[PDB]
Amino acid sequence: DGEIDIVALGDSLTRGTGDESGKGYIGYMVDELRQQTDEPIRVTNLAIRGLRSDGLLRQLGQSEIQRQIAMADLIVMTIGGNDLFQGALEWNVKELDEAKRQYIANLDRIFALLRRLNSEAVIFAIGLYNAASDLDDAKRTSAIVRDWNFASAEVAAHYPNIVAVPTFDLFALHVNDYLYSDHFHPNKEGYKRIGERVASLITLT
């Protein structure tokens, strides 16, 4: 094809919501990839802001979407944040356990479907951060976020070339310096740190 095809999937973090410019972490990733080669780099961003893990699995069932997954030389995605923060974190442990169980089951089926459509392309599964790390309930939110990130990477470890990229430590110090006005989504600087971390994991040869 003579072209580097990047397919982006998932929720608002992959759409770039909260970034002053429209770049998001994808744009800063492409900026770094263009230091390595003059080969054209094309991005197909299929992210939807309010997407959950069950919607992403259903989205990956569309024939046109599957045709673009099979052409991908590289897959980057963020999913599960909407599974966890559906309405402010739910203070019910029974609802939280069920939401995590559905999310892990959907995530495993998402990874399997992506690998059936594309056995070669590296999948970068980007983890979650704690935006409410400056509130009184920050301790409970850090524990739940880190618990979900662990289960994410455990699911990714069951498939070849699926890299769980963490972002938790990128927002550990002075979190509001890297957050949007909603204190939930990242800002321009927060997405830049995510995109530069993902790009440094990509080496074209």
# chains A, B, ... in the order shown; residues from 1 in each chain; ligands from 1
>>> residues_around(residues="residue 58 in chain A", least_positions_apart="4", cutoff="10 Å", atoms="only C-alpha atoms", output="list in words")
residues 52, 53, 54, 62, 106 and 110 of chain A
>>> closest_residue(among="A:111, A:91, A:180, A:171", to="residue 137 in chain A", atoms="only C-alpha atoms")
A:91
>>> atom_distance(atom1="CA of residue 146 in chain A", atom2="CA of residue 125 in chain A")
14.8 Å
>>> residues_around(residues="residue 97 in chain A", least_positions_apart="5", cutoff="12 Å", atoms="only C-alpha atoms", output="tab-separated table (two decimals) with N, CA and C atoms, in the first residue's frame")
chain	number	residue	atom	x	y	z
A	83	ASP	N	-17.52	2.91	30.86
A	83	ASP	CA	-18.04	1.80	31.65
A	83	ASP	C	-17.96	2.09	33.14
A	84	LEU	N	-16.88	2.75	33.57
A	84	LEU	CA	-16.64	3.04	34.98
A	84	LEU	C	-17.37	4.29	35.45
A	90	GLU	N	-19.96	5.84	41.07
A	90	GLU	CA	-21.04	5.19	41.80
A	90	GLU	C	-20.54	4.59	43.10
A	91	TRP	N	-21.23	4.91	44.19
A	91	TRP	CA	-20.84	4.49	45.53
A	91	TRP	C	-21.39	3.12	45.91
A	92	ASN	N	-21.81	2.33	44.93
A	92	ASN	CA	-22.38	1.01	45.16
A	92	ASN	C	-21.39	-0.05	44.70
A	102	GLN	N	-18.85	-7.00	33.28
A	102	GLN	CA	-19.27	-6.79	31.90
A	102	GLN	C	-18.14	-6.22	31.06
A	103	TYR	N	-17.39	-5.26	31.63
A	103	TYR	CA	-16.33	-4.61	30.87
A	103	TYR	C	-15.22	-5.58	30.51
A	104	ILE	N	-14.81	-6.42	31.47
A	104	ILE	CA	-13.74	-7.38	31.20
A	104	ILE	C	-14.19	-8.40	30.16
A	144	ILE	N	-9.93	2.23	42.69
A	144	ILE	CA	-10.81	1.62	41.70
A	144	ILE	C	-10.21	1.74	40.30
A	147	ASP	N	-7.43	-0.68	40.02
A	147	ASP	CA	-7.96	-2.04	39.95
A	147	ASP	C	-8.43	-2.38	38.54
A	148	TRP	N	-9.10	-1.44	37.87
A	148	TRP	CA	-9.55	-1.68	36.50
A	148	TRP	C	-8.38	-1.75	35.53
>>> residues_around(residues="residue 78 in chain A", least_positions_apart="5", cutoff="9 Å", atoms="only C-alpha atoms", output="CSV table (one decimal) with C-alpha atoms, in the first residue's frame")
chain,number,residue,atom,x,y,z
A,8,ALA,CA,-8.1,4.6,16.3
A,9,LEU,CA,-11.0,3.2,18.4
A,10,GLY,CA,-12.8,3.9,21.6
A,11,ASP,CA,-14.3,6.8,23.6
A,12,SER,CA,-13.7,10.5,24.1
A,13,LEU,CA,-10.0,10.1,25.0
A,14,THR,CA,-9.3,8.9,21.5
A,47,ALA,CA,-13.9,6.9,18.2
A,124,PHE,CA,-2.0,-0.2,21.9
A,125,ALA,CA,-4.5,-0.4,24.7
A,126,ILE,CA,-4.2,2.9,26.7
A,127,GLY,CA,-5.2,2.8,30.4
A,128,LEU,CA,-7.0,5.2,32.6
>>> closest_residue(among="A:66, A:167, A:161, A:133", to="residue 149 in chain A", atoms="only C-alpha atoms")
A:167
>>> select_by_dssp(residues="range 63-193 of chain A", states="strand (DSSP E)", output="compact mmCIF listing (two decimals) with N, CA, C and O atoms, in the first residue's frame")
# COMPACT_ATOMS: atom_id res chain seq x y z
N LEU A 74 -1.51 -0.43 12.50
CA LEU A 74 -1.35 -0.04 13.89
C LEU A 74 -2.72 0.32 14.44
O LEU A 74 -3.49 1.02 13.78
N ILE A 75 -3.02 -0.16 15.65
CA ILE A 75 -4.31 0.06 16.29
C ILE A 75 -4.08 0.68 17.66
O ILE A 75 -3.29 0.16 18.45
N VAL A 76 -4.76 1.79 17.93
CA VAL A 76 -4.69 2.49 19.21
C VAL A 76 -6.11 2.70 19.71
O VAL A 76 -7.01 3.00 18.92
N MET A 77 -6.32 2.54 21.01
CA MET A 77 -7.68 2.56 21.53
C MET A 77 -7.70 2.92 23.01
O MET A 77 -6.74 2.68 23.74
N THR A 78 -8.81 3.52 23.43
CA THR A 78 -9.14 3.75 24.84
C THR A 78 -10.60 3.37 25.04
O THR A 78 -11.48 3.97 24.41
N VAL A 122 0.03 -4.28 15.78
CA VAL A 122 0.17 -4.08 17.22
C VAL A 122 -1.00 -3.25 17.72
O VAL A 122 -1.37 -2.23 17.11
N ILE A 123 -1.59 -3.67 18.83
CA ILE A 123 -2.73 -2.98 19.44
C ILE A 123 -2.24 -2.29 20.70
O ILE A 123 -1.74 -2.95 21.63
N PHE A 124 -2.38 -0.97 20.75
CA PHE A 124 -2.00 -0.18 21.91
C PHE A 124 -3.25 0.13 22.72
O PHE A 124 -4.08 0.95 22.31
N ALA A 125 -3.38 -0.53 23.87
CA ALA A 125 -4.54 -0.39 24.74
C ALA A 125 -4.17 0.56 25.87
O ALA A 125 -3.46 0.19 26.81
N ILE A 126 -4.67 1.79 25.79
CA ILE A 126 -4.23 2.87 26.67
C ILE A 126 -5.10 2.89 27.93
O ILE A 126 -6.33 2.97 27.84
N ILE A 162 -0.45 -7.04 22.12
CA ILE A 162 -1.41 -6.08 22.66
C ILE A 162 -0.75 -5.45 23.88
O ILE A 162 -0.58 -6.10 24.91
N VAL A 163 -0.38 -4.18 23.75
CA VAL A 163 0.41 -3.48 24.76
C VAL A 163 -0.52 -2.59 25.57
O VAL A 163 -1.14 -1.67 25.03
N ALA A 164 -0.61 -2.85 26.87
CA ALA A 164 -1.36 -2.00 27.78
C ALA A 164 -0.49 -0.80 28.15
O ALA A 164 0.48 -0.93 28.90
N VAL A 165 -0.84 0.37 27.62
CA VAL A 165 -0.07 1.59 27.84
C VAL A 165 -0.67 2.32 29.03
O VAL A 165 -1.85 2.71 28.97
>>> atom_distance(atom1="CA of residue 187 in chain A", atom2="CA of residue 136 in chain A")
22.4 Å
>>> atom_distance(atom1="CA of residue 15 in chain A", atom2="CA of residue 27 in chain A")
10.5 Å
>>> residues_around(residues="residue 129 in chain A", least_positions_apart="4", cutoff="10 Å", atoms="only C-alpha atoms", output="PDB file with N, CA, C and O atoms, in the first residue's frame")
ATOM      1  N   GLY A  81     -13.522   3.794  30.198  1.00  0.00           N
ATOM      2  CA  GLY A  81     -13.783   4.951  31.039  1.00  0.00           C
ATOM      3  C   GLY A  81     -15.264   5.250  31.174  1.00  0.00           C
ATOM      4  O   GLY A  81     -15.737   5.637  32.246  1.00  0.00           O
ATOM      5  N   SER A 133      -8.236  13.092  41.615  1.00  0.00           N
ATOM      6  CA  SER A 133      -7.202  12.841  42.609  1.00  0.00           C
ATOM      7  C   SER A 133      -6.993  14.005  43.568  1.00  0.00           C
ATOM      8  O   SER A 133      -6.112  13.922  44.433  1.00  0.00           O
ATOM      9  N   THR A 141     -11.092   6.599  44.516  1.00  0.00           N
ATOM     10  CA  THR A 141     -11.081   6.627  43.057  1.00  0.00           C
ATOM     11  C   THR A 141      -9.763   6.101  42.501  1.00  0.00           C
ATOM     12  O   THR A 141      -9.747   5.432  41.462  1.00  0.00           O
ATOM     13  N   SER A 142      -8.647   6.391  43.177  1.00  0.00           N
ATOM     14  CA  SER A 142      -7.362   5.857  42.735  1.00  0.00           C
ATOM     15  C   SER A 142      -7.337   4.338  42.828  1.00  0.00           C
ATOM     16  O   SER A 142      -6.796   3.663  41.944  1.00  0.00           O
ATOM     17  N   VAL A 145      -9.606   2.891  39.987  1.00  0.00           N
ATOM     18  CA  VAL A 145      -8.994   3.074  38.672  1.00  0.00           C
ATOM     19  C   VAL A 145      -7.828   2.109  38.492  1.00  0.00           C
ATOM     20  O   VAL A 145      -7.697   1.453  37.452  1.00  0.00           O
ATOM     21  N   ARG A 146      -6.965   2.006  39.507  1.00  0.00           N
ATOM     22  CA  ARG A 146      -5.837   1.084  39.425  1.00  0.00           C
ATOM     23  C   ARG A 146      -6.296  -0.368  39.380  1.00  0.00           C
ATOM     24  O   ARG A 146      -5.629  -1.207  38.763  1.00  0.00           O
ATOM     25  N   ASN A 149      -7.361  -0.917  35.730  1.00  0.00           N
ATOM     26  CA  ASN A 149      -6.188  -0.960  34.862  1.00  0.00           C
ATOM     27  C   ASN A 149      -5.480  -2.305  34.964  1.00  0.00           C
ATOM     28  O   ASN A 149      -4.976  -2.826  33.963  1.00  0.00           O
ATOM     29  N   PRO A 166       0.073   2.512  30.118  1.00  0.00           N
ATOM     30  CA  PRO A 166      -0.479   3.213  31.278  1.00  0.00           C
ATOM     31  C   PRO A 166      -0.385   4.723  31.133  1.00  0.00           C
ATOM     32  O   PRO A 166       0.533   5.263  30.511  1.00  0.00           O
ATOM     33  N   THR A 167      -1.369   5.407  31.722  1.00  0.00           N
ATOM     34  CA  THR A 167      -1.363   6.860  31.806  1.00  0.00           C
ATOM     35  C   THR A 167      -1.532   7.368  33.230  1.00  0.00           C
ATOM     36  O   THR A 167      -1.577   8.587  33.431  1.00  0.00           O
ATOM     37  N   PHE A 168      -1.620   6.473  34.216  1.00  0.00           N
ATOM     38  CA  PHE A 168      -1.923   6.883  35.584  1.00  0.00           C
ATOM     39  C   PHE A 168      -0.860   7.828  36.129  1.00  0.00           C
ATOM     40  O   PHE A 168      -1.178   8.871  36.711  1.00  0.00           O
ATOM     41  N   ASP A 169       0.417   7.480  35.944  1.00  0.00           N
ATOM     42  CA  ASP A 169       1.496   8.299  36.481  1.00  0.00           C
ATOM     43  C   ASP A 169       1.649   9.624  35.747  1.00  0.00           C
ATOM     44  O   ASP A 169       2.266  10.549  36.289  1.00  0.00           O
ATOM     45  N   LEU A 170       1.108   9.742  34.532  1.00  0.00           N
ATOM     46  CA  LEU A 170       1.176  11.006  33.808  1.00  0.00           C
ATOM     47  C   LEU A 170       0.349  12.098  34.471  1.00  0.00           C
ATOM     48  O   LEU A 170       0.592  13.282  34.219  1.00  0.00           O
ATOM     49  N   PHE A 171      -0.619  11.727  35.309  1.00  0.00           N
ATOM     50  CA  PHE A 171      -1.496  12.681  35.979  1.00  0.00           C
ATOM     51  C   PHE A 171      -1.350  12.618  37.496  1.00  0.00           C
ATOM     52  O   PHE A 171      -2.241  13.070  38.221  1.00  0.00           O
ATOM     53  N   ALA A 172      -0.239  12.068  37.989  1.00  0.00           N
ATOM     54  CA  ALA A 172      -0.079  11.870  39.426  1.00  0.00           C
ATOM     55  C   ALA A 172       0.245  13.170  40.150  1.00  0.00           C
ATOM     56  O   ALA A 172      -0.237  13.398  41.265  1.00  0.00           O
ATOM     57  N   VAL A 175      -2.505  17.310  39.089  1.00  0.00           N
ATOM     58  CA  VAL A 175      -3.360  16.713  38.064  1.00  0.00           C
ATOM     59  C   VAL A 175      -4.124  17.787  37.296  1.00  0.00           C
ATOM     60  O   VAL A 175      -4.307  17.683  36.076  1.00  0.00           O
ATOM     61  N   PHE A 184     -12.189  16.338  34.251  1.00  0.00           N
ATOM     62  CA  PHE A 184     -12.423  14.934  33.944  1.00  0.00           C
ATOM     63  C   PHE A 184     -11.628  14.540  32.705  1.00  0.00           C
ATOM     64  O   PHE A 184     -10.854  13.578  32.733  1.00  0.00           O
ATOM     65  N   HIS A 185     -11.808  15.286  31.619  1.00  0.00           N
ATOM     66  CA  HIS A 185     -11.047  15.073  30.400  1.00  0.00           C
ATOM     67  C   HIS A 185      -9.692  15.766  30.487  1.00  0.00           C
ATOM     68  O   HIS A 185      -9.524  16.731  31.238  1.00  0.00           O
ATOM     69  N   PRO A 186      -8.705  15.296  29.728  1.00  0.00           N
ATOM     70  CA  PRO A 186      -7.411  15.981  29.704  1.00  0.00           C
ATOM     71  C   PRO A 186      -7.492  17.260  28.886  1.00  0.00           C
ATOM     72  O   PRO A 186      -8.410  17.469  28.091  1.00  0.00           O
TER      73      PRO A 186
END
>>> closest_residue(among="A:67, A:49, A:42, A:115", to="residue 158 in chain A", atoms="only C-alpha atoms")
A:115
